[PDB]
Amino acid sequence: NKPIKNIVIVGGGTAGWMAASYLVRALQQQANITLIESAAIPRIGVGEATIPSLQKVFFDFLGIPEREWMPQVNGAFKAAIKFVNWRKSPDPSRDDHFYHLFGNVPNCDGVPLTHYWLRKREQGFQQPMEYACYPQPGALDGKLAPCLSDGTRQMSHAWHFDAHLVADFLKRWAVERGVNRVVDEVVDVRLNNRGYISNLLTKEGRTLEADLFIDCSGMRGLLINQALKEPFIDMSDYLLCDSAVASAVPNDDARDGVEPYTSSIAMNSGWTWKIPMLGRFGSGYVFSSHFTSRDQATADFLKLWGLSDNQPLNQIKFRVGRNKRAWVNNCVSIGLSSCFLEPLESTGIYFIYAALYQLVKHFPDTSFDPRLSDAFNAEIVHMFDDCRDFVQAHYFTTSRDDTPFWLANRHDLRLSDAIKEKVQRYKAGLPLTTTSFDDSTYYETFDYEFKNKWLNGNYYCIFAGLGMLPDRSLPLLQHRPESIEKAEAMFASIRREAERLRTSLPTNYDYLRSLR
């Protein structure tokens, strides 16, 4: 079969230029890549939070080190997500916060530290799980950097940045390496009688043709949804939020510092993200239109940060779910054109480079073997649905009942058999999927991580944080006092590391300043 030689990418957002960059890197020879993007249709970039695999899977593949791209996007460091007022109904006299931290939890004789902690709590141990099982939460409370002053890594971390800038960065990178950039707007898509994309008709009268089309046109799904009629699976029965009111809020970093984490502040009919950068933090009230009006949500958002009625706002709406098939005929959907999930766990950009990773792993020729796209589509389904369930697990697990929104999350959600099964195992006291701690190649081979994205530690951070604990500790531990004693030594070690971090880490602000 003849190889794919001409590729057309529709879209100049984060998805489009990640696709252009990744493909021009992966396809070293025999690859003509063209990207068309409309100047009259804006890109989505609200100030985004990410996860560590952005470096390992995407930028490492491009050969771009962290020190190269991060200052070009005015990046800040992210070491966790802090959930505020998610556990109980808001009480100004109560400190309601917990962290979902990056990194793996140590194992002790084949059992994660989370389970040794639970047994301790049964006997009266008061300290919260993540403060016992991780070394960095207290450091995050102190708004400290994830690295020493000399740049030595001290904890797993990701990044906060304006996605507009990473698109510009990748634009310059990809164009320099041969990607043809076209500023124009597609107005019509022509299919043959078979149903394959023949050509694209633009606004300036250009006719674009290719062997392979990549749809990065955003939520509208110009190619995959509108032209190819691939149905979008609405999953509003799984998750309730469908809107957002967002803006940027100035921050006096000199006296307030820069929080080295994303915040998720539970509201009456949703939650508000806080994504710190230098000089400001991006913020957005994600809400359900069925429980609050955009007007009311706007008022709550302004009141939360004490913003004025003159503050410019980014009014957003979206549909939760995914296409039935991400790849149909000769068109691959990447980004918002493929799927969407509320930014509760920073999975948006992850969906992009994870899908691109899978596209190269299933790269077609001009014959377009349906076995390739079928396999690709199955991977996308697994990827999205797994993250959807993890996010949903934040909702039906909550104890809040103060508003109709939270009551609905507790009782009226549709749950997959998969997430029901995990929760059942968790409640039984069983550890979920764990990996080796004294190895960490889980982060080095993406096939492993892609198929097992969320581990025991991730779920425990969420569940224990929301106050939903297993019925009992592992029955096995009653037979292994030596293992229990060994776990105590590990807890003590974590406590010592936390104390060392407190006096060794520079503030996140000072470290970000040293990088200018």
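Sequential numbering from 1, following the sequence displayed.
Once the C-alpha B-factors are averaged per stretch, 238 to 246 and 76 to 84 rank with 238 to 246 first. Stretch comparison (132 to 140 versus 307 to 315) by mean CA B-factor in the PDB entry places 307 to 315 on top.
Set against one another, the Cα B-factors of 151, 343, 270, 146 in the record reach their highest point at 151.
In the deposited coordinates, the residue among 361, 411, 115, 157 with the greatest CA B-factor is 411. When the modelled residues of the chain are ordered by their C-alpha B factor, residue 45 lands in the highest third. Compared with the other modelled residues of the chain, the Cα B-factor recorded for residue 453 ranks in the lowest third.
When the modelled residues of the chain are ordered by their C-alpha B factor, residue 379 lands in the lowest third.
The deposited CA B-factor of residue 484 belongs to the middle third of values across its chain. Per the deposited record, the Cα B-factor of residue 161 falls in the middle third when ranked against the other modelled residues of its chain.
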